[PDB]
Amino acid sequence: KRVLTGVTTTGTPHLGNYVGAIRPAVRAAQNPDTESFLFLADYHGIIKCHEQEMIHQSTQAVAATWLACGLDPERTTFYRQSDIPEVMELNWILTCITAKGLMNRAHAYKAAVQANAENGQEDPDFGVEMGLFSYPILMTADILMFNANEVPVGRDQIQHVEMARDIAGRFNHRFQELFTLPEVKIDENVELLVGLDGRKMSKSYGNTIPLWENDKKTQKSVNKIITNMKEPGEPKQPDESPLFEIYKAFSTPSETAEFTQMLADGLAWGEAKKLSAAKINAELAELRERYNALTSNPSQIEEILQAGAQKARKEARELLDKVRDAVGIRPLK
């Protein structure tokens, strides 16, 4: 039972990525009944992003984040997409059996087209580059290259797996059945983490809390959460500030219940914010020490990534030779 996930290397992870993705995934990859695959989608980074060191810095920070949070490379095959040349070969092969209409309907592309039309732009493809048009095929290669059974994705990403199933089927039928049809994996128990202003925490919203900061900075961050004008003795209900959902994401059911009655008995916001930052700090204190260790010694991350690549390519090449033979690429004998 092979479980496979791609993560972007396009920025530095925040608390929201920790609660909603990283922390659940690290726990979930400990199941001995699954084989665990996680890669950095660094070649997806050049689809749109362009800053010189953005990919390299986000790669180092995303790799250090997952490591610092307990991702075990002895358990998880952990690698950069840019260290698997087989994926790029597979990407061309799948391109040859993918219908253009499938890419016409890819959501990211439909959004670029509608945004031109929302902006009075009568050319639907204005500004569209082929990375945006074709990345669903590369994502399919990322998955099929290792014949993943389950691909843990958000709701947002469900189309992308359904597209891989579509391409896998068409390859299987045109050539031969080499690709298992991958399956979405969704956990309806991960609460997405709210930001400082009530909305879901997201880099594009400017409502994020950094994941890797010292206590005093984590405190100053927490002190920006929207509160209300209730008095240090006034009854505070939990639905009144995002602070409560923040405290909740870092506390047992019992502690949050205690926090509720604490608020209900008239805990001031300054103390509440103070307690929330401490919970966050307490959960993160050790991880933050490992993150600083790794980011200060990146060659340790590079070693781990090379060992991952070595493991990944061995299984990539086993499948690719089958695929190469199925599409007619064969030695002269």
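Start at 1 with the first residue shown and count on from there.
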- Note on the structure: Averaging the C-alpha temperature factors as deposited, the higher value of 30-38 versus 49-57 falls on 49-57
- Take the C-alpha B-factors listed in the entry for 272-280 and for 40-48, compute each mean, and give the stretch with the larger one. 272-280
- Note on the structure: Per the deposited B-factor column, the C-alpha that peaks among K220, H160, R80, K200 belongs to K220
- Task: Could you tell me which one of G131, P210, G233, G101 shows the highest CA temperature factor in the PDB record?
- Result: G233
- Message: Among the modelled residues of this chain, does the Cα B factor of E245 put it in the lowest, middle or highest third?
- Response: middle
- Query: Which third of the chain does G127 land in by C-alpha B-factor: lowest, middle or highest?
  - Reply: middle
- Query: Lowest, middle or highest third: where is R165 by Cα B-factor in its chain?
  - Reply: lowest
- Split the chain's modelled residues into thirds by Cα B-factor; is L196 in the lowest, middle or highest one? middle
- Split the chain's modelled residues into thirds by Cα B-factor; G70 lands in the middle
